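Encoded as structure tokens, the following chain is the form deposited in one PDB entry, with no partner shown.
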């Protein structure tokens, strides 16, 4: 039997770890940028550091449904970027938290110590997000958020405009929900490892 990258147990494990990291990061961004009120969040521990978890069931289910779709894309190494876009009441983008991801074309079948230094890496990103409010101006009241995903274009590109994954429909975002005229770029953290390279930065409206 011939195996593809996604068939590797290691690929599935890393995808699970990274998908959960994105969930923790999204919750934290929503908290520190006050997209949702502080009242719905509760302090919890992840990667041995304090994090903030929404206790609103609807929002939690939405975030899980969204990110569950990214999991298979991660296993196949087709994800290039996952972005959390914060928009004002005028539907204009005010901040964008960009998570760039690269993974090797394969992972070892000798899964021995696959996740040995991964936690320290994820922890560093969470800590940077935790204090990001110190380098950003407060957002206007009434903001909302959208999650954007960029993948690598394969051979037989799918031309379908409404692509469904795990019973969740996705569509192409419009220029309005993304375009920012020469925004301020703020690097947060860039790290590498044998199983992943990730770069997080924020784009802030001028």
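Take the two forms, find the largest set of C-alpha atoms that superpose within 1.5 Å, and that set is the rigid core. Only residues modelled in both forms are compared. Numbering follows the first chain given and starts at 1.
Heads up, the form deposited in another entry isn't pictured, but that's what we're talking about next.
**Report entry** Displaced position between this form and the one not shown, chosen from 49, 148, 59, 165 (C-alpha, 2 Å or more, rigid core)
**Finding:** The only residue crossing the 2 Å threshold is 165.
Report task. Pin down for me whether the residue 165-residue 171 Cα distance shrinks or grows in that other deposited form relative to this form (closer or farther, change of 3 Å or more). Result -> It is farther: in that other deposited form, the C-alpha atoms of residue 165 and residue 171 lie at least 3 Å more apart than they do here.
Query raised in the report: Taking the shown form as reference, are the C-alpha positions of residue 165 and residue 78 brought closer or pushed farther apart in that other deposited form, with a change of 3 Å or more?
Result: Farther is correct, given that in that other deposited form the C-alpha spacing of residue 165 to residue 78 is increased by at least 3 Å.
**Report entry** Residue ranges moving between this form and the one not shown (criterion: at least three consecutive CA positions shifted 2 angstroms or more, core aligned)
**Finding:** That run whose C-alphas all shift by 2 Å or more is 152 to 167, the only one.
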